[PDB]
Protein chains: 2
Amino acid sequence: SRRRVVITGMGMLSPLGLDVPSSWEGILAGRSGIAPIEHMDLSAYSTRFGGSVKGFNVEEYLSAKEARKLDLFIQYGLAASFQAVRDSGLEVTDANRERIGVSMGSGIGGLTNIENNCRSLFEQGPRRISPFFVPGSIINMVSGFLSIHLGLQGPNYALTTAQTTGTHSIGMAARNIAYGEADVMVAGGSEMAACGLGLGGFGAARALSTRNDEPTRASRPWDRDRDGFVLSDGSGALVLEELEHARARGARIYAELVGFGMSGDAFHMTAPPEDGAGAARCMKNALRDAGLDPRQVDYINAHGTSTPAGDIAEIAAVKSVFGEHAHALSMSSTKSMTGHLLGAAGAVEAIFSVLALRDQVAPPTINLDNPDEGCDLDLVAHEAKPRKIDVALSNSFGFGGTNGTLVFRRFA
Amino acid sequence: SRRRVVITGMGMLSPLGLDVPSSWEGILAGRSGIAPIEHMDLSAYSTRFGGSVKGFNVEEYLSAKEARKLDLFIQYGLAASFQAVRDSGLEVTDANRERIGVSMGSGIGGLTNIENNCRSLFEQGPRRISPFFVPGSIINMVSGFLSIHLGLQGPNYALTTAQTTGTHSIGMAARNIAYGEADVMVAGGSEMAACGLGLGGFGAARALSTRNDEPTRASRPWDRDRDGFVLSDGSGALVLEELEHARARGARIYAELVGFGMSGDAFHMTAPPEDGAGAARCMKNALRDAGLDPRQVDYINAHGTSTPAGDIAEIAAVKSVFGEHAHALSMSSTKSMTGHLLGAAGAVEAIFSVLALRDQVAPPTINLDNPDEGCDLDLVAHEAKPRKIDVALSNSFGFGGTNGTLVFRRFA
Ligand SMILES: COc1ccc2sc(N)nc2c1
């Protein structure tokens with residue numbers, strides 16, 4: 001058999017706020033974190049808006065000197081991680097530090113740092129490149145720096161599965177604990193790809209909403225007028241903990257992580273299949289892993305990116321998995337408010353899933369003014385819906401047809 | 001309940017060969033694959049050589065139409081993945097495609113591609129960024145593209161743990177199979193960091209050998225005259241397979257993967273501890289994971305990067321784990337010949353470890369002219385050593401203090 005895993009701490013930076021409760025408050029009020037991107041010339045760019053972290057103060061976490069060495073994505077991952085560990089009340093000791101690990105990932109990593117060091121290289125040649133360029137930019141440095149700052153000697157790694165990173169990070173952290181390689185893991189993701197290369201790179205694939213006139217309306221998952229996703233920055237981190245370890249120290253337990261599913265579509269590099277066959281296999285994998293019948297699922301935090309093919313695949317996938325229960329469950333995209341945090345999306349959305357369980361409320365899908373063809377499910381258009389939620393799914397479906405599903409259950 | 005895991009297929013691009021057998025012939029003959037770099041102008045750089053993949057034809061594997069969209073690290077990962085799957089004899093079918101996944105990782109990923117697109121952005125503006133910039137550069141796309149081309153619908157993911165990537169990728173793919181999430185995994189990693197930011201960034205950190213006038217003598221693990229690692233390019237992939245599934249199809253089994261350890265130093269962003277304490281914990285985790293008396297270990301394929309601190313920390317780690325038996329086992333660094341393939345280091349070296357078992361030979365550490373203070377173990381100086389090898393261990397350490405160990409033994 002296998003050990004049970006609970007959530008005892010959460011941390012977040014999002015376009016809605018600099019912590020979980022500020023973020024969760026924006027989510028339940030249907031507020032948008034989307035705005036024109038500042039202190040950056042986007043003249044030559046078809047998309048000029050996104051979900052920025054507003055007012056981030058890294059010196060609450062790090063000295064100026066240590067922050068100068070670290071890409072914004074690492075800073076964001078450290079901020080959420082430190083919030084999550086503080087939130088958990090866990091005490092690291094010589095007795096337990098070998099049993100505490102980290103799996104904080106990113107989809108794209110240090111584009112901003114790569115951009116500024118490129119500028120240096122092209123203008124002045126190699127000797128102006130920072131000595132901290134490599135360790136200040138590579139995706140495993142959130143796990144590296146967190147482990148060094150807190151003395152964590154457990155499993156130390158980083159996932160990078162594009163828009164699935166946060167979901168896979170949390171799921172595989174849960175496995176480490178369940179199968180006895182760790183008693184505690186800090187897991188989630190962080191992203192800051194709102195530089196030229198991010199807006200440029202996604203802009204050149206014409207993957208992005210170009211609704212520059214109304215940035216807050218850009219992200220409209222399942223609405224007939226959606227025109228691609230909104231690029232957003234931030235981080236989410238969860239403290240995952242074995243149940244007996246959490247009980248022994250009197251931890252506050254938000255919820256239980258009961259299920260993790262993975263699948264590959266094996267279909268296309270960036271587009272999901274129209275029937276969502278891959279997202280369906282993955283959800284079924286996640287429910288089987290949790291020993292749950294589809295009928296027991298109450299709430300789904302959808303991937304719901306506001307891409308035309310993505311949104312419609314997820315409706316197909318849900319009807320396929322859930323049959324006669326597909327309308328009774330509530331499903332919303334919090335990306336309607338946050339935008340797409342890419343590798344961080346699954347981290348912040350796992351937190352919103354855990355808070356849907358705590359507060360017995362489905363977050364809205366805002367901007368769902370005119371449901372598309374077949375988009376007839378309970379998508380919680382416009383405003384939050386209080387309701388019974390015992391079981392909550394969080395889905396992530398990313399580039400390369402990589403799929404993740406987390407199952408959370410109320411704990412008592 | 002935990003199932004056993006065997007190697008049925010291996011694939012490789014290295015500075016010594018465009019497959020495994022050609023690479024292996026170089027290893028046993030003590031050949032260096034390090035040379036001045038030709039693919040760019042390095043006169044302004046303090047290091048001007050590396051382990052380049054020579055004569056790679058991507059059209060053994062892909063259309064030039066698909067290949068053009070992909071960074072070399074992805075092309076290298078696919079080439080190794082395809083070799084390994086072919087070498088396995090496995091046929092993908094409707095009956096098994098859900099039970100075959102992929103975990104191919106990278107340390108840095110598509111730095112070449114991100115650089116070239118950055119140069120386009122800076123000189124010409126955002127509209128010259130390739131529409132293929134994101135799917136062609138991000139680390140999960142070896143796993144993505146391989147799943148699309150072979151129809152693998154199993155667990156689909158990528159690790160990025162700097163120089164530990166290949167070892168972690170292989171270990172956690174083995175856990176997927178061990179605990180029933182999959183019957184087959186294609187696991188390893190790929191790296192092509194030999195661009196301006198790579199050589200520039202590692203140069204700025206003073207991490208690289210500057211032995212430009214004798215590049216084949218640069219990589220000299222445990223030698224008193226070593227001055228940093230040699231940057232090398234390539235890929236390794238193994239087909240990992242549940243033992244009964246391998247037996248059932250009459251698969252040729254190269255060796256059994258019995259053991260996997262992880263640990264974090266929690267010491268420094270880039271420097272290993274002088275005493276090898278984190279490496280020691282990681283190897284001890286792996287030996288206990290395999291149910292082994294440490295005296296059963298015959299061969300260690302060291303990380304052995306040719307850094308002053310790295311190499312000495314490893315001797316200390318091995319003496320501490322193995323006590324007097326440290327004097328009886330054979331340890332070598334094939335990085336003496338291949339240089340440091342970073343994220344792909346653990347993948348190729350896991351293959352060298354398996355081939356060490358098949359042929360009953362310890363590969364040499366070339367250039368070990370004057371062993372340093374305390375480097376007094378059997379380091380297989382100069383020349384391959386035929387010897388009894390039942391159990392082989394492959395170590396990796398990386399930035400963030402992240403450690404991986406793999407334990408293989410002969411299968412009967
Ligand atoms: C069922 O899949 C599993 C089980 C155990 C483990 S330990 C790890 N690192 N990943 C996994 C995945």
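Below, read A as the first sequence line, B as the second, and so on, with proteins coming before strands; counting in each chain starts at 1. For ligands, and for the atoms within them, numbers begin at 1 and follow the listed sequence. Hydrogens, waters and symmetry mates are skipped; everything else that's a heavy atom, side chains included, is used.
A/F322 has its side chain out of reach of A/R295: every pair of non-hydrogen atoms, C-beta onward, lies at least 4.5 Å apart.
With sequence neighbours excluded, the residues that form a salt bridge (charged side-chain N to carboxylate O under 4.0 Å, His left out) with A/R249 are A/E241. For B/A84, the side chain to side chain contact (heavy atoms under 4.5 Å, CB included) partners two or more places apart in sequence, or in a different chain, are B/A237, B/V239. Evaluation of the ring pair (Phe, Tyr, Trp, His ring centres under 6.0 Å) rule for A/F82 yields A/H149 as partners, not counting sequence neighbours.
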N or O contacts of ligand 1 with protein under 3.5 Å, please list pair by pair.
residue, atom, partner, partner atom, Å
ligand 1, 9 (N), A/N176, ND2, 3.1

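B/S396 pairs in a side chain to side chain donor-acceptor pair (under 3.5 Å) with only one of the listed residues (B/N301, B/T167, B/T405), which is B/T167.
One N or O on the side chain of A/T402 and one on the backbone of B/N156 form a donor-acceptor pair closer than 3.5 Å.
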